[PDB]
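*Asks:* These protein sequences, in sequence, are chains A and B.
Using the authors' numbering, you'd call the opening residue of the first sequence number 3 and step up by one each time.
Using the authors' numbering, you'd call the opening residue of the second sequence number 0 and step up by one each time.
Would you mind keeping the following structure in view while I ask a few things?
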Amino acid sequence: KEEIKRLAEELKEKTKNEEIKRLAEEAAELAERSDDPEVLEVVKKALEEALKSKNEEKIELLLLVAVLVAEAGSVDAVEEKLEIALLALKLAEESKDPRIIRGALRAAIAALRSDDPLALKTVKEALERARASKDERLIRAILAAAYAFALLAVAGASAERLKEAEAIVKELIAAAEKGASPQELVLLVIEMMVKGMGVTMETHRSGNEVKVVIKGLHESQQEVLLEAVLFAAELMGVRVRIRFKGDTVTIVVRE
Amino acid sequence: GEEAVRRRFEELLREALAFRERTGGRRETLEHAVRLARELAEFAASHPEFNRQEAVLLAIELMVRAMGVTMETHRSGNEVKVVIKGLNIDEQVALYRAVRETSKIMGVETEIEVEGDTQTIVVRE
């Protein structure tokens, strides 16, 4: 019903996040132009859950759902995208590791914000393998790959370059399931970012550490490389030292 | 000429500390903080009299005071190196986002080293 309007304002007078305030207004402003029972119920559930959440990742993903279902008018028109969001929310409730909860929701948000079906498919199947395996070490490795790959897609990377990035996502998961060390997995995340940007890298092994020199990275690319590596290194517990000098990023992975 | 930039810095600083009390959301206070660093750089650029380097330092201090971290400023020769400690992964990428953007609006080169909770920024001009 038009209780949506009430649930939306309630969040709008409660929010401290400006974008959350915008989505709540947008979700209610697209739902009253619909007579589909599913749409009015999906937005109702979404606004209700986000009204009872203190985690900004959940609130944003729930509102991003309600806007995605209210605009399409049909739940079937976004039923794929709807699944990826309902999988991360389920995984978020299943785990007790705050890095896993943040990694699952952020990867779903980034995948939904990105318009690429390859990212949607990848994150979906990455969440399914995470929910299937009850191994937290494997789940963190899967999310470090998926959330990184999603950041490439939301950065507007070419579909020809996301193809080469996905091959490294597959390689990273396969290596993780064979008990690869966290340093090896962090190196492969960097390998994914580099191949997802049309760039080359140089590796050096001065001792039990790896030095990676990346050349010709644009300013908008260096930000998202920093965000993906820092998140994967925090998931794996790896210490990385990243240096930004001109157009050359130097990452030192230490174990 | 410089009094205008300092007065604007003081107004964005008290707005940063006002949102620091709320802590309504973790990334929200960070995106609000980098926007404030952006408004200061775009303001100092409108006063070409003001030191382009000192503008970047002010925007960095704005970010430090917004996130509640600590800062140490080392001045040697013409370059200035700030060492910021106590950053999490989200504050790390946000501080980098503000420095990279204010360094451009002001036309300044920066060298940034991220390691753990510490970000070391060299401002040269």
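Quick reminder that beta carbons are idealized off the backbone N, C-alpha and C, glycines included.
Helix, strand or coil for B:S75, going by three-state DSSP, please let me know.
*Replies:* Three-state result, B:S75: strand.
*Asks:* Would you verify that the beta carbon of A:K23 is, or is not, closer than 8 Å to some beta carbon of chain B?
*Replies:* Not closer than 8 Å to any Cβ of chain B, the Cβ of A:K23 fails to qualify, so no.
*Asks:* Ordered along the chain, which non-local residues of its own chain (more than five positions away) have a Cβ less than 7 Å from that of A:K83?
*Replies:* Here the set comprises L70, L114 and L122.
*Asks:* State the DSSP-derived secondary structure class of A:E95, mapped to helix, strand or coil.
*Replies:* It is helical.
*Asks:* List the DSSP bridge partners of A:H206.
*Replies:* DSSP lists A:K213 as partners of A:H206.
*Asks:* Verify whether the separation of the beta carbon atoms of B:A58 and B:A40 is less than 8 Å.
*Replies:* Yes, the Cβ-Cβ distance between B:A58 and B:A40 is below 8 Å.
*Asks:* State yes or no: is the C-beta of A:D249 within less than 8 Å of the C-beta of A:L219?
*Replies:* Contact: yes.
*Asks:* Using 8 Å as the threshold, is the C-beta distance between B:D116 and B:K84 below it?
*Replies:* Yes; because the gap between Cβ atoms is below 8 Å, this pair is in contact.
*Asks:* Would you mind reading off the limits of the beta strand (DSSP E) that contains B:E110?
*Replies:* Where B:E110 is concerned, the enclosing beta strand (DSSP E) stretches over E108 to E114.
*Asks:* Using a Cβ cut-off of 8 Å, which residues of the region 27–49 of chain A contact any Cβ in chain B, in chain order?
*Replies:* Listed by position along the chain: nothing, the set is empty.
*Asks:* Any C-beta of chain A within less than 8 Å: which residues of the region 49–69 of chain B qualify?
*Replies:* Cβ contacts with chain A: none found.
*Asks:* On the DSSP bridge list, what partners appear for A:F246?
*Replies:* DSSP, once it has assigned bridges, lists A:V251 and B:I111 as partnering A:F246.
*Asks:* Along the chain, where does the beta strand (DSSP E) that runs through A:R35 open and close?
*Replies:* Careful: A:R35 lies outside any beta strand (DSSP E) and carries neither H nor E.
*Asks:* Using the C-alpha atoms, what's the distance from A:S135 back to B:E10?
*Replies:* Their backbone Cα atoms lie some 52 Å apart in a straight line.
*Asks:* Contact between the region 98–118 of chain B and the region 232–248 of chain A is defined here as three or more beta-carbon pairs at a separation below 8 Å; is this criterion met?
*Replies:* The region 98–118 of chain B is in contact with the region 232–248 of chain A.
*Asks:* Between which two residues does the beta strand (DSSP E) carrying B:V121 extend?
*Replies:* Where B:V121 is concerned, the enclosing beta strand (DSSP E) stretches over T117 to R123.
*Asks:* Taking 7 Å as the limit between beta carbons, can you name the residues of its chain near A:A152, skipping five residues before and five after?
*Replies:* If we look at A:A152 and ignore the five residues flanking it on each side, its Cβ neighbours are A109, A112, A113, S116, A121 and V125.
*Asks:* Any chance you could list the beta strand (DSSP E) runs of at least 3 consecutive residues sitting entirely within the region 156–211 of chain A, in chain order?
*Replies:* Taking only runs of at least 3 residues, the beta strand (DSSP E) segments lying wholly in the region 156–211 of chain A are 203–206.
*Asks:* Answer yes or no: do A:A155 and A:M199 have a C-beta to C-beta separation smaller than 8 Å?
*Replies:* Not in contact: A:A155 and A:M199 (Cβ atoms no closer than 8 Å).
*Asks:* Between the region 25–41 of chain B and the region 91–103 of chain B, do at least 3 Cβ pairs fall closer than 8 Å?
*Replies:* Yes: the two stretches touch, three or more of their Cβ pairs being nearer than 8 Å.
*Asks:* Is A:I111 close to chain B, meaning its C-beta is less than 8 Å from at least one C-beta of that chain?
*Replies:* No - not a single Cβ of chain B is within 8 Å of the one on A:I111.
*Asks:* Along chain B, in chain order, which residues have C-beta atoms closer than 7 Å to that of A:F246?
*Replies:* In chain order: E110 and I111.
*Asks:* State yes or no: is the beta carbon of A:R142 nearer than 8 Å to at least one beta carbon in chain B?
*Replies:* No - not a single Cβ of chain B is within 8 Å of the one on A:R142.
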